[PDB]
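# Below is the structure, and that's it, no one-letter string:
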């Protein structure tokens, strides 16, 4: 199983629209996640989508489980300073362990 | 539910013995884990331990589930240069969600 997301960095300004890409490959019917990792901490659970077409969301963030395109893109209509962090796209299936992507460094500026 | 590990960086030289502490606190019987995040990559599953006294291992690393002291200390008898990475201690209660420690930077020397 594998996760591939927008690598590197994405630098936005406050009030901007955020879109982070994530496509995956897993057999079965995996759960899909989004975790946040603020500076000086470990990854923390953002939201989960368990079914195809289910849209997870938390803190203004959301992602729709799309199985035809095998993707789980993250969006936020208006990003703000305190969102500066690294976002990882993840999946749980296969055999009970979490598969993480490389993470995208989202840097917001005022 | 919380996980707390060896704050920061731990520097060593090849073949040394390592121990990165992890002390958890959660209700019920949680599954404990350690993940490794190699440079340029996302966090990855290292091993898990579901019940007291159980001992996980992979790549010469091992942690003993200690229900009484509520600890899950990572140990490797002889550390190697390829081992330089950040190690997280995780916890999963009733399936699904994983709670992460902040991580510890392990820096080996040749």
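Here it is on my side, so go on. Numbers count the residues shown, from 1 in each chain, chains lettered A, B, ... in the order given.

# Spell out which parts of chain A neighbour chain B.
Chain A comes close to chain B at residues A:3, A:31, A:40-45, A:48, A:88, A:92, A:96-103, as judged by Cβ under 8 Å from any Cβ of the partner chain. Heads up, the C-betas are built off the backbone N, CA and C, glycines and all.

# so residue A:10 makes contact with residue A:105?
Yes: in this structure residue A:10 lies within contact range of residue A:105 using Cβ atoms under 8 Å: 7.4 Å.

# Compare neighbour counts for these two and give me the winner.
Each of residue A:10 and residue A:105 has its neighbours counted (other Cβ atoms under 10 Å in any protein chain shown); residue A:10 has more, 18 against 15.

# Figure out the helix or strand that that one lives in.
strand A:8-13 (DSSP states H and E).

# Name the strands paired with that strand and say parallel or antiparallel.
Looking at strand A:8-13 with DSSP bridges, its partner strands are strand A:104-109 (parallel).

# what about the nearest residue to residue A:100 once chain neighbours are set aside, how many neighbours?
Once flanking residues are discounted, residue A:100 sits nearest to residue B:42: 3.8 Å by Cβ to Cβ, 6 or more residues apart in numbering or on different chains. Other residues lying near residue B:42 total 20 when counted by other Cβ under 10 Å.

# and if you look at the one 10 residues further on?
Neighbour count of residue B:52, defined by other Cβ under 10 Å: 11.

# what sits against it?
Contacts for residue B:52 (Cβ atoms under 8 Å, 6 or more residues apart in numbering or on different chains) come out as B:65-68.

# make it 7 Å
For residue B:52, the contacting residues are B:65, B:67, by Cβ atoms under 7 Å, 6 or more residues apart in numbering or on different chains.

# SS state for it?
Under DSSP: H, G, I helix; E, B strand; the rest coil, residue B:52 falls in the coil class.

# related to what we said a few turns ago, can you list the neighbours in contact with the strand holding residue A:10?
Here strand A:8-13 makes contact (Cβ under 7 Å, 6+ apart) with A:18, A:20, A:79, A:104-109.

# that older thread, shouldn't the residue nearest to residue A:100 be in contact with residue A:102?
Yes: distance between residue B:42 and residue A:102: 4.7 Å, which falls inside the contact criterion (Cβ atoms under 7 Å).

# wait, is residue A:34 part of a strand?
Yes: Residue A:34 forms part of a strand when assessed by three-state DSSP.

# just to confirm, which helix or strand has the closest residue to it other than its chain neighbours in it?
Distances taken as Cβ to Cβ, 6+ apart place residue A:46 nearest to residue A:34, at 4.2 Å, with adjacent residues excluded. Using DSSP H and E, residue A:46 sits within strand A:44-49.

# Next up, the contacts around the closest residue to chain B within chain A.
Proximity of chain A to chain B (Cβ to the nearest Cβ) peaks at residue A:42, 3.1 Å away. Residue A:42 makes contacts with B:88, B:100-103, as judged by Cβ under 7 Å, 6+ apart.

# buried sites along the strand holding residue A:46?
Using 16 or more other Cβ atoms under 10 Å in any protein chain shown as the test for burial, strand A:44-49 gives A:45-49.

# same check, this time on stretch A:10-23
For stretch A:10-23, the neighbour count (16+ other Cβ under 10 Å) marks A:10, A:12, A:16, A:18, A:20-23 as buried.

# got a markdown table for those, with secondary structure too?
Shown next, in a markdown table, are those (three-state DSSP):
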| residue | secondary structure |
| --- | --- |
| A:10 | strand |
| A:12 | strand |
| A:16 | strand |
| A:18 | strand |
| A:20 | strand |
| A:21 | coil |
| A:22 | strand |
| A:23 | strand |
